[PDB]
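Read-outs: derived from the displayed coordinates by stated rules, not from any lab. Note that each Cβ is placed from the backbone with ideal geometry, even for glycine, and that neighbours are counted across all protein chains shown.
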Amino acid sequence: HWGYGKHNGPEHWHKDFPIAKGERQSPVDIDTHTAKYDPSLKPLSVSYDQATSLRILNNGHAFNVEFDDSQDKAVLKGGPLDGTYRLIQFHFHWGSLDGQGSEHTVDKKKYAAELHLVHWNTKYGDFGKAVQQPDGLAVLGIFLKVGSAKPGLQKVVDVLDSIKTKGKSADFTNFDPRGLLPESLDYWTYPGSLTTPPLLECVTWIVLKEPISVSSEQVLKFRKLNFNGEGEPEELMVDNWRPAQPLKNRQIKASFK
Ligand SMILES: NS(=O)(=O)c1ccc(C(=O)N2CCN(Cc3ccccc3)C2)cc1
Ligand SMILES: [Zn+2]
C-alpha cells in the first residue's frame, strides 16, 4: 500500500521499510561546490548497440521499459564500477509542474523529471541476488528539462495511451536507449539505495551532469498516466518522486573538473 499520496507517501515508508532512515539512502542533493573531482575515476562505458527492449509496463508507480538481460547485450562498465552491469529496465520520475519531478537535485535545483537506467552486477547471477549486495546495482540517472523535444523519447510517449492504468503492458521491441543520452557522459557518483520500497542499499549512483531536453508536450503525456487500475477512481500519475535524503557519512565524487 506504499505510494506517493498524503496517506502513503515517502514520509510514511519507514513504517513498513525501516531502512528508509538508513545510512546510504537515495536520492540526495548534489552540492556542486562540495563534490570533489576524483582523477582516479574512469570514463563511463555505455554499450547499448545490442540492447533488446521487450515490453513497457505501467506498474502503478511509474512505467518500466524492460530489456532482455539473459545475456551481456546492453552493459554499463567503467567509471566507478568494478566489472559488468547489465541493463534490465529504465523508468522515469516526474512532476505535476515543470518546477519539480527529479529525485536528485543539483544545488537544491529540481528538474522536471529524471530517467533511471537500471543495471545489475553480473557477478551475482540474477537481479534478485544483486539487490541483496552493496555493489549489486548501478543506476544511471539523467535529468530532464523542458525545452526542445527529444526525438529519441517520442516512441515511448506515443505508446503511453496503451498502458494508461496499473497492470497494463504493451509490446515494446527495437527501442534504442542511446536516443535518451545527452552528448556528455560527465557524472557525479555516490553509494546509495533504491528510491522506492524496498529502499535496499545496493546502488552505485551515476548521475549525469548534462540534462536532456524534452518538450512540454512530451512531459504532458507522462502526466496523463494513472496510478490506479482500470475502472478505479482516476488518480493522475504525477509527483512520483522521493525527496532528497540525508547525505550522512558519504562523499559525492565528480568525474570532471
Ligand atoms: N528508482 S530506482 O532506480 O532506485 C529503482 C527502484 C526500484 C527498483 C526495483 O527493481 N524494484 C522492484 C523489485 N524490487 C527489488 C526486489 C526486491 C526483492 C526481490 C526482488 C526484487 C524493487 C529498481 C530501481
Ligand atoms: Zn527510479
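Here are the numbers for the structure shown:
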{"quantity": "Selection from segment 118-150 of residues that are within 16 Å of ligand 2 (Cβ to nearest atom), out of contact with any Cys (no Cβ under 9 Å at 6 or more places or on another chain) and of a type in the set (A, V, I, L, M)", "calculated": "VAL118, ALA138, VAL139, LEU140, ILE142, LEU144"}
{"quantity": "Count - residues of segment 190-210 that are under 13 Å from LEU140 (Cβ atoms) and within 7 Å of ligand 1 (Cβ to nearest atom)", "calculated": "1"}
{"quantity": "Residue in segment 214-221 that is closer than 16 Å to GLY141 by Cα and within 15 Å of the chain's Cα centre (by Cα) present", "calculated": "no"}
{"quantity": "Residue within segment 162-171 that is farther than 22 Å from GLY9 by Cα, under 16 Å from the mean Cα position of the chain (by Cα) and away from ligand 1 (no atom under 15 Å from the Cβ) present", "calculated": "no"}
{"quantity": "Tally of residues being among the small types (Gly, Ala, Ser) and in a loop (DSSP other than H, G, I, E, B) across segment 29-73", "calculated": "6"}
{"quantity": "Among the residues listed as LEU117, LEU41, the single one being away from ligand 1 (no atom under 13 Å from the Cβ) and touching a strand residue (DSSP E or B) at 6+ places or on another chain (Cβ under 7 Å)", "calculated": "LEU41"}
{"quantity": "Count of segment 7-28 residues which are surrounded by fewer than 16 Cβ atoms within 10 Å (Cβ to Cβ), part of a loop (DSSP other than H, G, I, E, B) and more than 16 Å from ligand 1 (Cβ to nearest atom)", "calculated": "4"}
{"quantity": "Selection within segment 217-238 - of a type outside the set (A, V, I, L, M, F, W, C) and part of a strand (DSSP E or B)", "calculated": "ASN226"}
{"quantity": "Residues of segment 94-128 satisfying the condition of being part of a strand (DSSP E or B) and either within 12 Å of the chain's Cα centre (by Cα) or within 26 Å of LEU236 (Cβ to Cβ) (or both)", "calculated": "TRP94, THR105, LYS109, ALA113, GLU114, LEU115, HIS116, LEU117, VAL118, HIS119"}
{"quantity": "Verdict on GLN133 being in contact with a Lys or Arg (Cβ under 7 Å, 6 or more places away or on another chain) and either not in a loop (DSSP other than H, G, I, E, B) or not acidic (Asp, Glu) (or both)", "calculated": "no"}
{"quantity": "In segment 63-74, the residues that are buried (at least 21 other Cβ atoms within 10 Å of the Cβ), over 16 Å from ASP158 (Cα atoms) and not acidic (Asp, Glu)", "calculated": "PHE67, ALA74"}
{"quantity": "Among (1) within 16 Å of ligand 2 (Cβ to nearest atom); (2) farther than 23 Å from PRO10 by Cβ, the one test that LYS110 misses", "calculated": "(2)"}
{"quantity": "Flag for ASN64 being in contact with a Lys or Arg (Cβ under 6 Å, 6 or more places away or on another chain), closer than 21 Å to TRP241 by Cα and in contact (Cβ under 8 Å) with a residue 24 or more places away in the chain", "calculated": "no"}
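Every residue, every condition in (1) crowded, with 24+ Cβ neighbours inside 10 Å; (2) at positive phi; (3) hydrophobic (A, V, I, L, M, F, W, C), yes or no:
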site: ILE88; (1), (2), (3): no, no, yes
site: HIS93; (1), (2), (3): yes, no, no
site: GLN100; (1), (2), (3): no, no, no
site: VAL106; (1), (2), (3): no, no, yes
site: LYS109; (1), (2), (3): no, no, no
site: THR122; (1), (2), (3): no, no, no
site: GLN132; (1), (2), (3): no, no, no
site: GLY152; (1), (2), (3): no, no, no
site: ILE163; (1), (2), (3): no, no, yes
